[PDB]
Every structure is written in C-alpha cells, then in structure tokens.
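For reference, final.pdb is printed below; it contains PDB, C-alpha atoms.
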```pdb
ATOM      1  CA  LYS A1731     -34.609  -4.436   6.888
ATOM      2  CA  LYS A1732     -32.628  -3.794  10.073
ATOM      3  CA  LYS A1733     -29.792  -5.746   8.459
ATOM      4  CA  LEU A1734     -29.633  -3.066   5.760
ATOM      5  CA  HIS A1735     -29.210  -0.419   8.455
ATOM      6  CA  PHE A1736     -26.525  -1.766  10.811
ATOM      7  CA  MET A1737     -25.279  -5.083   9.410
ATOM      8  CA  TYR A1738     -24.940  -3.252   6.091
ATOM      9  CA  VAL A1739     -23.160  -0.053   7.179
ATOM     10  CA  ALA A1740     -20.608  -2.242   8.947
ATOM     11  CA  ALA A1741     -19.956  -3.838   5.560
ATOM     12  CA  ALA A1742     -19.492  -0.640   3.556
ATOM     13  CA  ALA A1743     -16.688   0.052   6.036
ATOM     14  CA  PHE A1744     -14.791  -3.212   5.502
ATOM     15  CA  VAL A1745     -15.724  -3.891   1.876
ATOM     16  CA  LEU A1746     -14.253  -0.439   1.210
ATOM     17  CA  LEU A1747     -10.829  -2.119   1.098
ATOM     18  CA  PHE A1748     -11.901  -3.703  -2.195
ATOM     19  CA  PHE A1749     -13.194  -0.437  -3.660
ATOM     20  CA  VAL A1750     -10.003   1.436  -2.774
ATOM     21  CA  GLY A1751      -7.826  -1.127  -4.526
ATOM     22  CA  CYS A1752      -9.363  -0.047  -7.821
ATOM     23  CA  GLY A1753      -8.228   3.532  -7.252
ATOM     24  CA  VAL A1754      -4.821   2.693  -8.711
ATOM     25  CA  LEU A1755      -6.519   1.088 -11.714
ATOM     26  CA  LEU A1756      -8.226   4.359 -12.647
ATOM     27  CA  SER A1757      -5.096   6.471 -12.181
ATOM     28  CA  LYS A1758      -3.375   3.942 -14.441
ATOM     29  CA  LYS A1759      -5.905   4.255 -17.271
ATOM     30  CA  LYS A1760      -4.416   6.453 -19.996
TER      31      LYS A1760
END
```

Is it possible to express this structure as structure tokens?
Amino acid sequence: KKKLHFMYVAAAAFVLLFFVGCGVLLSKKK
C-alpha cells in the first residue's frame, strides 16, 4: 500500500511526460 503513496506519486510526475504528449493530439482533432 505504501508503494501506492510514495512510489506511485513519484510516477505520476514522470509518467506525465506521456500524458502531455497527447495534448497535441486533442488540439489536432477536428
């Protein structure tokens, strides 16, 4: 469970780079 608290939050910070790359995809949808 502790892994979901710290080891996880640390992920949401890095993995964010993959979620931000989709931003352009949405703005492209027309």

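A straight line drawn from CA of residue 1758 (chain A) to CA of residue 1740 (chain A) is 29.7 Å long.
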
Rounded to one decimal, what separation in Å do you get between CA of residue 1742 (chain A) and CA of residue 1755 (chain A)?
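These atoms are spaced 20.1 Å apart.
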
Region 1734-1740 of chain A, all listed atoms, 8 Å padding on each side: what axis-aligned box centre and edge lengths in Å to one decimal come out, as JSON?
```
{"center_x": -25.1, "center_y": -2.6, "center_z": 8.3, "size_x": 25.0, "size_y": 21.0, "size_z": 21.1}
```

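Picture a line from CA of residue 1741 (chain A) to CA of residue 1754 (chain A); it runs 21.8 Å.
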